[PDB]
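Here is the file structure_11.tsv (TSV, C-alpha atoms).
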```
chain	number	residue	atom	x	y	z
A	1	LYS	CA	-4.02	-36.99	6.33
A	2	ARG	CA	-1.74	-35.53	9.00
A	3	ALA	CA	-3.63	-32.23	8.92
A	4	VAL	CA	-7.08	-33.79	9.20
A	5	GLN	CA	-6.09	-36.17	12.00
A	6	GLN	CA	-4.37	-33.41	13.97
A	7	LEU	CA	-7.37	-31.12	13.45
A	8	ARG	CA	-9.64	-33.90	14.69
A	9	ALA	CA	-7.37	-34.16	17.72
A	10	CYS	CA	-7.37	-30.39	18.25
A	11	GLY	CA	-11.08	-30.10	17.50
A	12	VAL	CA	-10.57	-26.75	15.79
A	13	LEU	CA	-13.20	-27.72	13.21
A	14	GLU	CA	-15.82	-27.80	15.98
A	15	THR	CA	-15.08	-24.19	16.93
A	16	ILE	CA	-15.10	-23.31	13.23
A	17	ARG	CA	-18.55	-24.79	12.65
A	18	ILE	CA	-19.89	-23.30	15.89
A	19	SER	CA	-18.82	-19.83	14.78
A	20	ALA	CA	-20.22	-20.57	11.31
A	21	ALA	CA	-23.61	-21.32	12.87
A	22	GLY	CA	-23.85	-17.70	14.02
A	23	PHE	CA	-22.41	-14.63	12.28
A	24	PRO	CA	-18.69	-15.34	11.73
A	25	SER	CA	-17.99	-12.76	9.01
A	26	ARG	CA	-17.75	-9.13	10.15
A	27	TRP	CA	-17.34	-6.04	7.98
A	28	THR	CA	-16.69	-2.44	9.00
A	29	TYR	CA	-18.93	0.31	7.62
A	30	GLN	CA	-16.03	2.20	6.05
A	31	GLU	CA	-14.48	-1.11	4.98
A	32	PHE	CA	-17.75	-2.26	3.42
A	33	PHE	CA	-18.27	1.03	1.58
A	34	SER	CA	-14.70	1.04	0.26
A	35	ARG	CA	-14.94	-2.57	-0.89
A	36	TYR	CA	-18.51	-2.28	-2.21
A	37	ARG	CA	-18.52	1.16	-3.83
A	38	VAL	CA	-19.39	-0.56	-7.12
A	39	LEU	CA	-22.60	-2.03	-5.73
A	40	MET	CA	-23.12	1.24	-3.85
A	41	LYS	CA	-25.49	3.44	-5.85
A	42	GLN	CA	-24.74	7.12	-6.39
A	43	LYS	CA	-28.31	8.17	-5.55
A	44	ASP	CA	-28.04	6.36	-2.21
A	45	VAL	CA	-24.61	7.87	-1.45
A	46	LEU	CA	-24.85	10.26	1.49
A	47	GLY	CA	-22.75	11.64	4.32
A	48	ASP	CA	-23.65	8.87	6.77
A	49	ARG	CA	-22.45	5.59	5.29
A	50	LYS	CA	-24.17	3.53	8.01
A	51	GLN	CA	-27.81	3.97	6.99
A	52	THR	CA	-26.99	4.13	3.27
A	53	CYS	CA	-25.02	0.88	3.35
A	54	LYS	CA	-27.74	-0.76	5.45
A	55	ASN	CA	-30.34	0.24	2.85
A	56	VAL	CA	-28.15	-0.98	-0.02
A	57	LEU	CA	-27.62	-4.31	1.75
A	58	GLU	CA	-31.37	-4.61	2.33
A	59	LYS	CA	-32.01	-3.99	-1.36
A	60	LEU	CA	-29.39	-6.54	-2.41
A	61	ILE	CA	-30.20	-9.15	0.26
A	62	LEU	CA	-33.88	-9.86	0.85
A	63	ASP	CA	-33.60	-11.97	4.01
A	64	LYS	CA	-32.99	-9.96	7.17
A	65	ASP	CA	-31.58	-12.95	9.08
A	66	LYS	CA	-28.72	-13.26	6.58
A	67	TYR	CA	-27.06	-10.06	7.82
A	68	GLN	CA	-26.73	-8.73	11.37
A	69	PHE	CA	-26.75	-4.95	11.68
A	70	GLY	CA	-24.46	-3.40	14.27
A	71	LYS	CA	-23.28	-0.05	15.55
A	72	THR	CA	-19.87	-0.29	13.84
A	73	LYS	CA	-19.72	-3.48	11.76
A	74	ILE	CA	-22.32	-5.62	10.02
A	75	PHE	CA	-22.17	-9.37	10.63
A	76	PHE	CA	-23.02	-11.93	7.97
A	77	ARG	CA	-23.88	-15.60	7.61
A	78	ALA	CA	-21.97	-18.00	5.36
A	79	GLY	CA	-23.17	-17.21	1.86
A	80	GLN	CA	-23.59	-13.44	1.79
A	81	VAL	CA	-19.91	-12.54	1.39
A	82	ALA	CA	-19.61	-14.82	-1.64
A	83	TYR	CA	-22.94	-13.59	-3.03
A	84	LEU	CA	-21.97	-9.92	-2.74
A	85	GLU	CA	-18.50	-10.51	-4.16
A	86	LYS	CA	-19.95	-12.40	-7.12
A	87	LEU	CA	-22.43	-9.60	-7.82
A	88	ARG	CA	-19.68	-6.98	-7.52
A	89	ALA	CA	-17.40	-8.88	-9.90
A	90	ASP	CA	-20.19	-9.37	-12.44
A	91	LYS	CA	-21.14	-5.69	-12.33
A	92	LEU	CA	-17.53	-4.56	-12.68
A	93	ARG	CA	-16.73	-6.88	-15.58
A	94	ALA	CA	-19.95	-5.95	-17.40
A	95	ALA	CA	-19.16	-2.25	-17.00
A	96	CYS	CA	-15.59	-2.75	-18.25
B	1	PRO	CA	-27.44	-9.90	21.17
B	2	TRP	CA	-25.91	-13.38	21.13
B	3	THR	CA	-29.24	-15.09	21.83
B	4	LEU	CA	-28.90	-17.62	19.01
B	5	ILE	CA	-25.34	-18.62	19.91
B	6	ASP	CA	-25.01	-21.18	22.71
B	7	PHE	CA	-22.16	-22.80	24.62
B	8	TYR	CA	-21.56	-26.47	23.83
B	9	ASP	CA	-20.68	-27.97	27.21
B	10	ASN	CA	-18.37	-30.95	27.67
B	11	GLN	CA	-18.66	-30.68	31.46
B	12	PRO	CA	-20.76	-33.89	31.72
B	13	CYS	CA	-17.77	-35.90	30.46
B	14	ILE	CA	-15.52	-34.26	33.06
B	15	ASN	CA	-18.06	-35.05	35.78
B	16	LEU	CA	-18.37	-38.65	34.60
B	17	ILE	CA	-14.61	-39.24	34.53
B	18	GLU	CA	-13.21	-37.26	37.47
B	19	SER	CA	-16.03	-37.61	40.00
B	20	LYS	CA	-17.40	-40.78	41.56
B	21	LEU	CA	-18.36	-43.72	39.30
B	22	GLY	CA	-15.44	-42.67	37.09
B	23	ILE	CA	-12.78	-45.18	36.16
B	24	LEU	CA	-10.15	-43.38	38.25
B	25	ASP	CA	-12.18	-43.47	41.48
B	26	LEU	CA	-13.07	-47.12	40.88
B	27	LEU	CA	-9.40	-47.87	40.20
B	28	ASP	CA	-8.46	-46.18	43.48
B	29	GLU	CA	-11.10	-48.26	45.28
B	30	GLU	CA	-9.81	-51.48	43.71
B	31	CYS	CA	-6.29	-50.50	44.77
B	32	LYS	CA	-7.51	-49.91	48.33
B	33	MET	CA	-9.70	-53.03	48.25
B	34	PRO	CA	-7.58	-56.17	48.87
B	35	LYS	CA	-9.10	-57.94	45.84
B	36	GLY	CA	-8.35	-55.29	43.21
B	37	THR	CA	-7.74	-56.91	39.83
B	38	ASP	CA	-7.97	-55.76	36.22
B	39	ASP	CA	-10.94	-57.94	35.23
B	40	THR	CA	-13.04	-57.11	38.30
B	41	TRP	CA	-12.18	-53.42	37.92
B	42	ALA	CA	-13.23	-53.46	34.25
B	43	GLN	CA	-16.52	-55.20	34.97
B	44	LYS	CA	-17.06	-52.73	37.82
B	45	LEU	CA	-16.64	-49.88	35.33
B	46	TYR	CA	-19.08	-51.49	32.90
B	47	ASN	CA	-21.65	-52.17	35.64
B	48	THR	CA	-21.46	-48.69	37.16
C	1	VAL	CA	13.62	13.39	18.91
C	2	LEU	CA	12.50	13.74	15.29
C	3	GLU	CA	12.14	9.97	14.98
C	4	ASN	CA	10.15	9.84	18.22
C	5	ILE	CA	7.79	12.52	16.89
C	6	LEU	CA	7.40	10.84	13.51
C	7	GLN	CA	7.07	7.23	14.71
C	8	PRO	CA	3.27	7.03	15.23
C	9	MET	CA	2.75	9.56	12.45
C	10	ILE	CA	3.89	7.59	9.41
C	11	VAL	CA	1.75	4.46	9.67
C	12	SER	CA	-1.57	6.30	9.83
C	13	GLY	CA	-0.50	9.11	7.51
C	14	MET	CA	1.11	7.03	4.77
C	15	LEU	CA	-0.56	3.63	4.49
C	16	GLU	CA	-3.73	3.54	6.61
C	17	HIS	CA	-4.96	6.87	5.24
C	18	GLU	CA	-6.57	6.71	1.81
C	19	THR	CA	-5.16	9.60	-0.19
C	20	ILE	CA	-7.72	11.45	-2.32
C	21	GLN	CA	-6.46	13.06	-5.52
C	22	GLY	CA	-5.07	10.16	15.99
C	23	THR	CA	-6.02	10.33	12.32
C	24	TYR	CA	-3.18	11.45	10.06
C	25	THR	CA	-3.06	12.02	6.31
C	26	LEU	CA	-0.44	12.76	3.68
C	27	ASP	CA	-1.16	16.48	3.99
C	28	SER	CA	-0.59	16.17	7.74
D	1	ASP	CA	-39.10	-0.90	-38.81
D	2	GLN	CA	-37.96	0.75	-42.04
D	3	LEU	CA	-34.62	2.56	-42.18
D	4	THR	CA	-34.32	5.92	-43.90
D	5	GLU	CA	-32.77	5.60	-47.34
D	6	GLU	CA	-30.19	8.30	-46.59
D	7	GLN	CA	-28.78	6.15	-43.79
D	8	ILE	CA	-28.91	3.10	-46.07
D	9	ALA	CA	-26.89	4.95	-48.71
D	10	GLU	CA	-24.36	6.07	-46.10
D	11	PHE	CA	-24.04	2.47	-44.90
D	12	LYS	CA	-23.51	1.28	-48.47
D	13	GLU	CA	-20.82	3.93	-48.99
D	14	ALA	CA	-19.08	2.84	-45.79
D	15	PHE	CA	-19.28	-0.79	-46.92
D	16	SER	CA	-17.85	0.07	-50.34
D	17	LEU	CA	-15.01	2.01	-48.70
D	18	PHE	CA	-13.46	-1.11	-47.19
D	19	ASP	CA	-14.95	-3.59	-49.70
D	20	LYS	CA	-11.74	-4.53	-51.50
D	21	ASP	CA	-13.82	-6.65	-53.89
D	22	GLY	CA	-16.54	-4.09	-54.64
D	23	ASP	CA	-19.22	-6.80	-54.84
D	24	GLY	CA	-21.18	-5.71	-51.77
D	25	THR	CA	-19.85	-8.69	-49.80
D	26	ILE	CA	-16.83	-8.72	-47.46
D	27	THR	CA	-15.25	-10.82	-44.72
D	28	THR	CA	-16.79	-10.81	-41.23
D	29	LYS	CA	-13.60	-9.24	-39.85
D	30	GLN	CA	-14.13	-6.11	-41.92
D	31	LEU	CA	-17.84	-6.51	-41.15
D	32	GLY	CA	-17.07	-5.84	-37.50
D	33	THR	CA	-14.51	-3.22	-38.50
D	34	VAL	CA	-17.12	-1.18	-40.40
D	35	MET	CA	-19.74	-1.96	-37.74
D	36	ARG	CA	-17.54	-0.15	-35.23
D	37	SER	CA	-16.60	2.40	-37.90
D	38	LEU	CA	-20.29	3.33	-38.12
D	39	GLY	CA	-20.20	4.59	-34.53
D	40	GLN	CA	-22.40	1.81	-33.15
D	41	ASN	CA	-21.32	-0.36	-30.21
D	42	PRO	CA	-21.67	-4.14	-30.66
D	43	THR	CA	-20.34	-6.52	-28.05
D	44	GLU	CA	-17.67	-8.93	-29.24
D	45	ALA	CA	-20.09	-11.63	-28.10
D	46	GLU	CA	-22.72	-10.11	-30.40
D	47	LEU	CA	-20.03	-9.86	-33.08
D	48	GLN	CA	-19.30	-13.58	-32.75
D	49	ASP	CA	-23.03	-14.34	-32.81
D	50	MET	CA	-23.41	-12.37	-36.04
D	51	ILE	CA	-20.31	-14.10	-37.45
D	52	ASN	CA	-21.74	-17.54	-36.72
D	53	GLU	CA	-25.10	-16.53	-38.20
D	54	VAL	CA	-23.29	-15.57	-41.41
D	55	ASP	CA	-21.14	-18.72	-41.32
D	56	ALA	CA	-24.30	-20.83	-41.08
D	57	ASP	CA	-24.69	-19.97	-44.77
D	58	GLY	CA	-21.00	-20.80	-45.19
D	59	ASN	CA	-20.27	-17.82	-47.44
D	60	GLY	CA	-18.16	-15.87	-44.96
D	61	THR	CA	-19.14	-12.71	-46.86
D	62	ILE	CA	-21.65	-10.05	-45.82
D	63	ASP	CA	-24.10	-9.41	-48.65
D	64	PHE	CA	-25.56	-5.91	-48.67
D	65	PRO	CA	-29.22	-6.88	-47.92
D	66	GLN	CA	-28.20	-9.03	-44.95
D	67	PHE	CA	-25.84	-6.19	-44.03
D	68	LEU	CA	-28.83	-3.82	-43.94
D	69	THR	CA	-30.77	-6.29	-41.80
D	70	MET	CA	-27.78	-6.37	-39.46
D	71	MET	CA	-27.84	-2.57	-39.42
D	72	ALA	CA	-31.52	-2.59	-38.42
D	73	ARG	CA	-30.90	-5.18	-35.69
D	74	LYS	CA	-28.09	-2.99	-34.35
D	75	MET	CA	-30.48	-0.02	-34.44
D	76	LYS	CA	-32.78	-2.10	-32.23
D	77	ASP	CA	-30.22	-1.90	-29.39
D	78	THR	CA	-29.19	1.57	-28.21
D	79	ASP	CA	-27.41	2.20	-24.92
D	80	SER	CA	-27.57	5.65	-23.36
D	81	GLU	CA	-24.74	8.05	-22.61
D	82	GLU	CA	-25.79	8.20	-18.95
D	83	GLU	CA	-25.17	4.45	-18.69
D	84	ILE	CA	-21.58	4.97	-19.85
D	85	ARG	CA	-21.29	7.87	-17.40
D	86	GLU	CA	-22.43	5.65	-14.52
D	87	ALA	CA	-20.07	2.88	-15.65
D	88	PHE	CA	-17.16	5.33	-15.54
D	89	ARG	CA	-18.35	6.67	-12.17
D	90	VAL	CA	-18.12	3.10	-10.89
D	91	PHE	CA	-14.38	3.11	-11.63
D	92	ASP	CA	-14.08	6.64	-10.18
D	93	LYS	CA	-13.25	5.42	-6.68
D	94	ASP	CA	-12.17	8.90	-5.58
D	95	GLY	CA	-15.32	10.47	-7.00
D	96	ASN	CA	-13.47	13.74	-7.62
D	97	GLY	CA	-14.42	13.71	-11.30
D	98	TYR	CA	-10.95	12.45	-12.27
D	99	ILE	CA	-9.62	8.93	-12.78
D	100	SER	CA	-6.06	7.63	-12.89
D	101	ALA	CA	-4.62	6.88	-16.32
D	102	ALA	CA	-2.43	3.94	-15.28
D	103	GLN	CA	-5.21	2.15	-13.42
D	104	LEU	CA	-7.58	2.72	-16.34
D	105	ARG	CA	-4.93	1.24	-18.64
D	106	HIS	CA	-4.68	-1.79	-16.37
D	107	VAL	CA	-8.48	-2.07	-16.35
D	108	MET	CA	-8.45	-2.04	-20.15
D	109	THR	CA	-5.60	-4.54	-20.46
D	110	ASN	CA	-6.59	-7.14	-17.86
D	111	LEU	CA	-10.41	-7.28	-17.72
D	112	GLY	CA	-12.91	-9.15	-19.85
D	113	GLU	CA	-12.28	-8.77	-23.56
D	114	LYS	CA	-8.59	-7.88	-23.40
D	115	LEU	CA	-7.35	-5.65	-26.21
D	116	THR	CA	-3.89	-4.74	-27.46
D	117	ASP	CA	-1.77	-2.31	-25.47
D	118	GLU	CA	-1.12	-0.43	-28.71
D	119	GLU	CA	-4.84	0.36	-28.75
D	120	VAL	CA	-4.42	1.62	-25.19
D	121	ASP	CA	-1.61	3.90	-26.36
D	122	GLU	CA	-3.92	5.00	-29.17
D	123	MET	CA	-6.54	5.98	-26.59
D	124	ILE	CA	-3.86	7.82	-24.62
D	125	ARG	CA	-2.55	9.79	-27.59
D	126	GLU	CA	-5.87	10.51	-29.32
D	127	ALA	CA	-7.71	11.51	-26.14
D	128	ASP	CA	-4.61	13.52	-25.07
D	129	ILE	CA	-4.49	11.37	-21.94
D	130	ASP	CA	-1.64	12.24	-19.60
D	131	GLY	CA	0.47	9.24	-18.67
D	132	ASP	CA	0.06	9.82	-14.93
D	133	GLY	CA	-2.14	12.91	-14.69
D	134	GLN	CA	-5.74	12.40	-13.65
D	135	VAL	CA	-8.17	12.48	-16.58
D	136	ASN	CA	-11.80	13.52	-16.26
D	137	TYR	CA	-14.17	10.70	-17.16
D	138	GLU	CA	-16.88	13.19	-18.14
D	139	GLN	CA	-14.81	15.05	-20.74
D	140	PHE	CA	-13.74	11.71	-22.22
D	141	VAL	CA	-17.37	10.58	-22.41
D	142	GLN	CA	-18.42	13.86	-24.02
D	143	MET	CA	-15.72	13.90	-26.70
D	144	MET	CA	-16.42	10.19	-27.21
D	145	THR	CA	-20.14	10.86	-27.69
D	146	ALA	CA	-19.54	13.80	-30.05
D	147	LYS	CA	-19.03	11.34	-32.94
E	1	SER	CA	-2.40	-4.59	-2.91
E	2	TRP	CA	-1.86	-3.59	-6.52
E	3	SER	CA	-4.41	-0.83	-5.88
E	4	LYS	CA	-2.33	0.69	-3.09
E	5	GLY	CA	0.73	0.83	-5.34
E	6	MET	CA	-0.63	3.90	-7.10
E	7	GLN	CA	-1.33	5.56	-3.75
E	8	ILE	CA	2.22	4.83	-2.59
E	9	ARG	CA	3.73	6.19	-5.80
E	10	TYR	CA	1.51	9.28	-5.68
E	11	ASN	CA	2.60	9.97	-2.10
E	12	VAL	CA	6.23	9.55	-3.14
E	13	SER	CA	5.55	12.14	-5.83
E	14	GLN	CA	3.88	14.51	-3.36
E	15	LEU	CA	7.04	14.27	-1.26
E	16	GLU	CA	9.30	14.89	-4.25
E	17	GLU	CA	7.60	18.11	-5.31
E	18	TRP	CA	7.63	19.01	-1.61
E	19	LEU	CA	11.40	18.70	-1.96
E	20	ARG	CA	11.18	20.76	-5.16
E	21	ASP	CA	9.58	23.51	-3.08
E	22	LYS	CA	12.76	23.65	-0.98
E	23	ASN	CA	14.93	22.88	-4.04
E	24	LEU	CA	16.70	20.11	-2.12
E	25	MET	CA	17.09	17.56	-4.93
E	26	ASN	CA	20.83	18.01	-4.38
E	27	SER	CA	20.39	16.80	-0.79
E	28	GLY	CA	20.01	13.17	-1.82
E	29	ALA	CA	16.78	12.15	-0.08
E	30	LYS	CA	15.48	10.70	-3.34
E	31	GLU	CA	18.46	8.34	-3.17
E	32	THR	CA	17.13	7.17	0.18
E	33	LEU	CA	13.69	6.89	-1.43
E	34	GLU	CA	14.34	4.59	-4.40
E	35	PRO	CA	13.89	1.38	-2.32
E	36	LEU	CA	10.26	2.34	-1.74
E	37	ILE	CA	9.84	3.37	-5.38
E	38	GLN	CA	11.32	0.08	-6.58
E	39	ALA	CA	9.02	-1.89	-4.30
E	40	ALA	CA	6.00	0.06	-5.54
E	41	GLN	CA	6.96	-0.37	-9.20
E	42	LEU	CA	7.58	-4.08	-8.67
E	43	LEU	CA	4.13	-4.38	-7.15
E	44	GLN	CA	2.63	-2.44	-10.05
E	45	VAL	CA	4.53	-4.40	-12.71
E	46	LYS	CA	2.87	-7.55	-14.03
E	47	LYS	CA	4.53	-10.78	-12.87
E	48	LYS	CA	3.09	-13.29	-15.35
```

As structure tokens, how would this structure be written, given the file I've shared?
Amino acid sequence: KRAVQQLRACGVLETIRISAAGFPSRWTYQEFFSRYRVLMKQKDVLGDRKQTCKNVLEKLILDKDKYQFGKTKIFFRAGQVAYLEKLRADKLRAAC
Amino acid sequence: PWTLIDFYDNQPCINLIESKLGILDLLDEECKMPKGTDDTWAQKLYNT
Amino acid sequence: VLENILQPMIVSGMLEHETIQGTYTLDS
Amino acid sequence: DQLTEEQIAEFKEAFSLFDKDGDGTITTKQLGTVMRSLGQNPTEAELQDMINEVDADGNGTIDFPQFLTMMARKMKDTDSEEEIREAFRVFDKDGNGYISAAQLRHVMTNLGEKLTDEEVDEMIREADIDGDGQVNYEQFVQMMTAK
Amino acid sequence: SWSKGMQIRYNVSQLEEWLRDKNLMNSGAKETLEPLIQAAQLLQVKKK
């Protein structure tokens, strides 16, 4: 109760939802490749991780609006991080 | 580009309160008017 | 002097770098 | 499909090896034991499915004809060696052809169908796995596939 | 991260055979090192 009333007073939740409306989550190319090597396919692995990771993300995620491509980091909407993590976990546990 | 993202502006509330027709300016007027009283000030706020 | 030389070196070389079995590595 | 009688005879011999009763029927535990002992790879989920199919009869014992039908159904499913290679490549984060023994042990112990650490030590000793030295996934897959 | 524990321990190794190259195990640097090794092992050890 104290937390919710003080957050209502601070209005932090409004900033949170405003950032959620756009692309709040950001992931670095090297960071994304390191975290998502499992979903990364060997045939698509190349020297430049940017284009390869963009192609892999396009294959995994159909909607273009879900992810925002950038020069250094890719920006995501709400559900894509959870979706990708769930797929990665399922693939890893099935392989194990 | 940030085209989708927009700035939610609370400036209208600031303009309503601080500037004229706000309760503070009307309170100052009631103080400077010889007949300033709480009830007349409140109804002045509601009317304005 | 040795500490001054090594101060920026360790963080990148030891933890930030990913060992494979301004950029500094374990071999550096 | 019809199974070659040579394979059927080999399966019967394997069954009789562990059949402490000699009647051609044995407990589902040794059913899975000899299923793995045949070199085939059934999932423990598939093992439980087969166990419940047998328990539907209530016998708890694997008669030889139903055992042969189980053999045929296992022959229906056949994973490839390249699939195992890709699965091991997934865990090869370095990609240098070598994987760490300790992290593989942790993967075995604390993922999915957890198995006994003594079985992990059995893998280590039988596959001459170094305790800390990097072990090639490909050599392990090859000597695993040799059968 | 539990993943980085192996990297830390492997680097500690790399340093210790580096010391073996100079044959300075008598120096006592490993005695300075055991705090890091203990932290890494604690991270690697299961805490259930």

| task | Name all residues at most 10 Å from stretch 2-8 of chain C (count all atoms listed in the file; drop same-chain ones fewer than 3 positions away) and give them as a VMD selection string. | result | chain C and resid 11 to 13 22 24

| task | For chain C, work out the contacting residues on chain A at 12 Å, counting only C-alpha atoms, and write them as number ranges by chain. | result | A: 30-31, 34

| request: Please identify all polymer residues within 10 Å of stretch 9-26 of chain B, counting only C-alpha atoms, omitting same-chain residues fewer than 6 positions from it, and present them as a list in words. | output: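 Those residues are residues 32, 36, 41, 42, 44, 45, 46, 47 and 48 of chain B.
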
| query | So how many Å separate atom CA of residue D:99 and atom CA of residue A:84, to one decimal? | reply |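 Between these atoms lies a distance of 24.7 Å.
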
| field | Residue among B:27, B:7, B:43, B:34 lying closest to chain A, counting all atoms listed in the file | value |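 Among B:27, B:7, B:43, B:34, it is B:7 that comes nearest to chain A.
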
| said: For a quick test of understanding: name the residues of chain E lying within 10 Å of chain D when counting only C-alpha atoms, and present them as a list in words. | reply: residues 2, 3, 6, 10, 44 and 46 of chain E

Expected file: the selected residues, C-alpha atoms, as a short mmCIF file (atom, residue, chain, number, x, y, z; two decimals), keeping the file's coordinate frame:
```cif
data_model
loop_
_atom_site.label_atom_id
_atom_site.label_comp_id
_atom_site.auth_asym_id
_atom_site.auth_seq_id
_atom_site.Cartn_x
_atom_site.Cartn_y
_atom_site.Cartn_z
CA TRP E 2 -1.86 -3.59 -6.52
CA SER E 3 -4.41 -0.83 -5.88
CA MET E 6 -0.63 3.90 -7.10
CA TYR E 10 1.51 9.28 -5.68
CA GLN E 44 2.63 -2.44 -10.05
CA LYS E 46 2.87 -7.55 -14.03
#
```

How close does each residue of chain A get to chain B, giving the shortest atom pair and distance in Å to one decimal for every residue with an atom at most 12 Å away, counting only C-alpha atoms, sorted by chain and residue number, as JSON lines?
```
{"residue": "A:14", "atom": "CA", "partner": "B:8", "partner_atom": "CA", "distance": 9.8}
{"residue": "A:15", "atom": "CA", "partner": "B:8", "partner_atom": "CA", "distance": 9.7}
{"residue": "A:17", "atom": "CA", "partner": "B:8", "partner_atom": "CA", "distance": 11.7}
{"residue": "A:18", "atom": "CA", "partner": "B:5", "partner_atom": "CA", "distance": 8.2}
{"residue": "A:19", "atom": "CA", "partner": "B:5", "partner_atom": "CA", "distance": 8.4}
{"residue": "A:20", "atom": "CA", "partner": "B:5", "partner_atom": "CA", "distance": 10.2}
{"residue": "A:21", "atom": "CA", "partner": "B:5", "partner_atom": "CA", "distance": 7.7}
{"residue": "A:22", "atom": "CA", "partner": "B:5", "partner_atom": "CA", "distance": 6.1}
{"residue": "A:23", "atom": "CA", "partner": "B:5", "partner_atom": "CA", "distance": 9.1}
{"residue": "A:24", "atom": "CA", "partner": "B:5", "partner_atom": "CA", "distance": 11.0}
{"residue": "A:65", "atom": "CA", "partner": "B:4", "partner_atom": "CA", "distance": 11.3}
{"residue": "A:68", "atom": "CA", "partner": "B:1", "partner_atom": "CA", "distance": 9.9}
{"residue": "A:69", "atom": "CA", "partner": "B:1", "partner_atom": "CA", "distance": 10.7}
{"residue": "A:70", "atom": "CA", "partner": "B:1", "partner_atom": "CA", "distance": 9.9}
{"residue": "A:75", "atom": "CA", "partner": "B:1", "partner_atom": "CA", "distance": 11.8}
```

Select, as a short mmCIF file (atom, residue, chain, number, x, y, z; two decimals) with C-alpha atoms, in the frame of the given file, those residues of chain E with any atom no more than 10 Å from chain C (distances computed using only C-alpha atoms).
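Dumped to iface_24.cif:
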```cif
data_model
loop_
_atom_site.label_atom_id
_atom_site.label_comp_id
_atom_site.auth_asym_id
_atom_site.auth_seq_id
_atom_site.Cartn_x
_atom_site.Cartn_y
_atom_site.Cartn_z
CA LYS E 4 -2.33 0.69 -3.09
CA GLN E 7 -1.33 5.56 -3.75
CA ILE E 8 2.22 4.83 -2.59
CA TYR E 10 1.51 9.28 -5.68
CA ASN E 11 2.60 9.97 -2.10
CA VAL E 12 6.23 9.55 -3.14
CA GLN E 14 3.88 14.51 -3.36
CA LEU E 15 7.04 14.27 -1.26
#
```

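Put simply, atom CA of residue D:6 is 21.7 Å away from atom CA of residue D:26.
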
Show which residues sit within 12 Å of residue D:4, as a PDB file with C-alpha atoms, in the frame of the given file. Count all atoms listed in the file, and ignore same-chain residues fewer than 4 positions away.
```pdb
ATOM      1  CA  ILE D   8     -28.910   3.100 -46.070  1.00  0.00           C
ATOM      2  CA  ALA D   9     -26.890   4.950 -48.710  1.00  0.00           C
ATOM      3  CA  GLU D  10     -24.360   6.070 -46.100  1.00  0.00           C
ATOM      4  CA  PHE D  11     -24.040   2.470 -44.900  1.00  0.00           C
ATOM      5  CA  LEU D  68     -28.830  -3.820 -43.940  1.00  0.00           C
ATOM      6  CA  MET D  71     -27.840  -2.570 -39.420  1.00  0.00           C
ATOM      7  CA  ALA D  72     -31.520  -2.590 -38.420  1.00  0.00           C
ATOM      8  CA  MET D  75     -30.480  -0.020 -34.440  1.00  0.00           C
TER       9      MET D  75
END
```

| said: Please compute the atom CA of residue D:41-atom CA of residue A:60 distance, one decimal, in Å. | reply: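 These atoms are spaced 29.6 Å apart.
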
Exercise on stretch 10-26 of chain C, axis-aligned box with 5 Å per side, report centre and edge lengths in Å to one decimal, as JSON:
```
{"center_x": -1.9, "center_y": 8.3, "center_z": 5.2, "size_x": 21.6, "size_y": 19.5, "size_z": 31.5}
```

| message | as a list in words, please: the residues near stretch 58-64 of chain D (cut-off 10 Å, only C-alpha atoms, same-chain neighbours under 2 positions excluded). | response |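 Within the cut-off, the hits are residues 8, 11, 12, 15, 16, 23, 24, 25, 26, 27, 28, 29, 30, 31, 51, 52, 53, 54, 55, 56, 66, 67, 68, 69 and 70 of chain D.
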
List as a PDB file with C-alpha atoms, in the frame of the given file the protein and nucleic acid residues near stretch 79-95 of chain D, meaning an atom at most 8 Å away when all atoms listed in the file are counted, but skip any in the same chain fewer than 3 places from it.
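Wrote it out as selection29.pdb, contents follow:
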```
ATOM      1  CA  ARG A  37     -18.520   1.160  -3.830  1.00  0.00           C
ATOM      2  CA  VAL A  38     -19.390  -0.560  -7.120  1.00  0.00           C
ATOM      3  CA  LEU A  92     -17.530  -4.560 -12.680  1.00  0.00           C
ATOM      4  CA  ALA A  95     -19.160  -2.250 -17.000  1.00  0.00           C
ATOM      5  CA  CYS A  96     -15.590  -2.750 -18.250  1.00  0.00           C
TER       6      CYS A  96
ATOM      7  CA  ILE C  20      -7.720  11.450  -2.320  1.00  0.00           C
ATOM      8  CA  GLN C  21      -6.460  13.060  -5.520  1.00  0.00           C
TER       9      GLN C  21
ATOM     10  CA  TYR D  98     -10.950  12.450 -12.270  1.00  0.00           C
ATOM     11  CA  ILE D  99      -9.620   8.930 -12.780  1.00  0.00           C
ATOM     12  CA  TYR D 137     -14.170  10.700 -17.160  1.00  0.00           C
ATOM     13  CA  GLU D 138     -16.880  13.190 -18.140  1.00  0.00           C
ATOM     14  CA  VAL D 141     -17.370  10.580 -22.410  1.00  0.00           C
ATOM     15  CA  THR D 145     -20.140  10.860 -27.690  1.00  0.00           C
TER      16      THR D 145
END
```

| message | When you count all atoms listed in the file, which of these residues is closest to chain D: A:67, A:36, A:83, A:27? | response |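 Among A:67, A:36, A:83, A:27, it is A:36 that comes nearest to chain D.
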
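With distances taken over all atoms listed in the file, A:41 is the one residue among A:66, A:26, A:41, A:8 lying closest to chain D.
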
| remark: Restricting to all atoms listed in the file, whichever of D:143, D:113, D:96, D:130 is closest to chain C is D:96

| request: Could you check which of A:87, A:53, A:61, A:94 is closest to chain D, using all atoms listed in the file? | output: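 Closest residue, counting all atoms listed in the file: A:94.
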